[PDB]
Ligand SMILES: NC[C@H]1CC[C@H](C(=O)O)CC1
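Consider the single chain below, provided in C-alpha cells and representing the form solved without this ligand.
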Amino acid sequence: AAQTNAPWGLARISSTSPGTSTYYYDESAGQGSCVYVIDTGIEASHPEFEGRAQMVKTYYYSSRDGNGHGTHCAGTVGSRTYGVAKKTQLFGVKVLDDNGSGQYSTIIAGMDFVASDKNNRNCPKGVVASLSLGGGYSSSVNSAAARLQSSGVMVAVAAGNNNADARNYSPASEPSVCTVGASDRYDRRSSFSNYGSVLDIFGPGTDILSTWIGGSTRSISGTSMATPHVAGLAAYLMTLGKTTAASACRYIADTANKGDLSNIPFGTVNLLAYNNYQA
C-alpha cells in the first residue's frame, strides 16, 4: 500500500532515504494486534481512529484526554492518516492528568494493569505498550516496565527530552524494554533527544503531525512522538509474523537503517526504525 502526502515520519520509516513523502506498508496494517497507549488518554471519538480506539482504564475523574498528548501519540501508532499501524486496536490507559503529570505509583499501577488486561482483549497477533512519559531514575518504575515486557508485551518507552544520558531517567533506563530516541526530517538527532547506551533505536520525533483533541490535528516534537512510531512498527511487524513481543526491539534494531543519523554521540546506537517493506 502507498499513502501519498504522508507525514514525513511515516515516509521515513518506509524509506532508505530522507526527503520523501509517501508511506509504503503491507496492507495487513497491524490487523489483529493491540497497542496500549499509557498516557493522558485518547479521544476515541476522533474520526481518525475509525472506531478502533477505546479507553480501558483511568485513575482520574474522567478517562477523557483533556490534554492532547495521549491522543497525538495514539494517532501516530494507529490513526488512518497519521498512524504507522492503520488497522491495530488502540487501548487507552490514563495514568497522566490533563496537565500531563502523574505520580510514579499511578504509572506503575497502569503498567501492571496492562500486563493483566491483555488477557481480557483479543490480540491474536500480539500486544504492544507505548509509554511516552518518564521522570528521574526509579528502580520501581524500571521494574514495572520490566514486568510488563516479561508478561509478553512489547514495551516501547521514550528516552526523554533533556539532551542528556537517558541512564538517569525511568523507564528509559530499564534495559529490557525498547528505549526510543528522536530524529528530525534531515536525519539529525533531535536537539532535545536524550542519548546513551540504554537507547535501542531512534524514530521520527521533530515536527510530527498527528491527531489532537477537539477532533483536530497538530504537529509537535519530542521523544514522546518517536516512541509511538516504534510501537506502531512493532505491532505492524508482529502482525506480519516477522517477530514477537519478546524479540521485536532487537528485530527492529537488526533491520534498522544504520549509520544514517548525524550528531549521535559516541557510544549511542546509530539506528533509525525502518519497516523494510518492499512494494
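Numbers follow the displayed sequence, beginning with 1.
This protein has a second form, the form deposited with this ligand bound, left out of what is shown; the following refers to that one.
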Check each of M111, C178, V127, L90 and return the one that places a heavy atom within 4.5 angstroms of this ligand in the deposited complex. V127
Would you check, heavy atoms only and a 4.5 Å threshold, whether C123 touches this ligand in the deposited complex? yes
Given a 4.5 Å distance limit between heavy atoms, list every residue of 23 to 52 close to this ligand in the deposited complex, or none if there are none. none
